[PDB]
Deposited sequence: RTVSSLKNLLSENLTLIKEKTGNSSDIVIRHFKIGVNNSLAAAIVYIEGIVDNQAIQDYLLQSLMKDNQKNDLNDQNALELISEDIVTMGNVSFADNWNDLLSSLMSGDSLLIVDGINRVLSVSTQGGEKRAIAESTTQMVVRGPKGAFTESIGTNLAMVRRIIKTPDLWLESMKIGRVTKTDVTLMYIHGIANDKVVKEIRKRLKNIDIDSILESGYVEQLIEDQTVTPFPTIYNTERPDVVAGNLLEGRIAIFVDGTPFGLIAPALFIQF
């Protein structure tokens, strides 16, 4: 049961999260300071849109503890002293290895990391028709709710021929073939997404019947269908304003 322990420096823990989660665009790091003379650096780490954090962020980032901020003059009991308030705001747990930390993060928890503690505090705000929308943020969150691996890597980019359109690319690192990912990313950067999508309209399919350059794409409004293709080694693309996920390549036969 090989377990990697957490680093004492906050900087080291943050660099390693970024490393392990593939510097995914929806993973938020909020830096803040705690202690008497704001000497102790701390951070809130959470995945965007799969958590109700405001009350916790409000407490932490506005420093809503004081008095008792003086009771324990930080560094050693900081995390445990802070936890006494956070338990009133959500279900608190503690992680002391990467597996536990990463799984709690992927499950919509908020992580609280302090400068030199090496134990991470997890807090949960949940207790246990559904199609994609015009919002990338909402769509990413929908996939993140189904695929709970830190190996799901999200890459944001601006593609477009005349004007730029915001796009988020998805793939499961280690499952998806790197040569396939590199090729799809390369094509996207120079794709005429407007022409490609317009060629998919029923009117154009009925009359035009144009050829499709690599990669062929499949449109789905179902997050479970996106989740299934991601577990097969395919790439999911979310374009700003389009209420569906684009699976690439559409024809992908494995052996």
Q: In sequence order, name the stretches of the deposited sequence that have no C-alpha in these coordinates.
A: 129-145
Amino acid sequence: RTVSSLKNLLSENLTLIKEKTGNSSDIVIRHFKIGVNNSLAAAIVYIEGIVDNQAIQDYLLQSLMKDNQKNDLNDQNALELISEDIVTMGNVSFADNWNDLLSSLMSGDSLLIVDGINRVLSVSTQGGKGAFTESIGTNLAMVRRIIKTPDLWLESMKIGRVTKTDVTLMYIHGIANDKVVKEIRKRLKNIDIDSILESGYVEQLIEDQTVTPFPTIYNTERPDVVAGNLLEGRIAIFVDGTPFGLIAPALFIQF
From here on, numbers count along this sequence of modelled residues.
**Q.** Per the entry, higher mean C-alpha B factor between 47-55 and 29-37
**A.** 29-37
Q. Which has the higher mean CA temperature factor in the PDB entry, 5-13 or 238-246?
A. 5-13
(Q) Looking at 156, 118, 103, 110, which one carries the largest C-alpha B-factor according to the PDB entry? (A) 118
Q) Can you tell me which of 165, 126, 88, 135 has the highest Cα temperature factor in the record? A) 126
Q. Is the Cα B-factor recorded for residue 228 in the lowest, middle or highest third of its chain?
A. lowest
Q) Taking the entry's C-alpha B-factors for this chain, is residue 122 in the lowest, middle or highest third? A) middle
Q: Give the position of residue 74 by CA B-factor within its chain, expressed as the lowest, middle or highest third.
A: highest
Q: Pull the Cα B-factor of residue 81 out of the PDB entry and bin it into the chain's lowest, middle or highest third.
A: highest
(Q) Among the modelled residues of this chain, does the Cα B factor of residue 149 put it in the lowest, middle or highest third? (A) middle
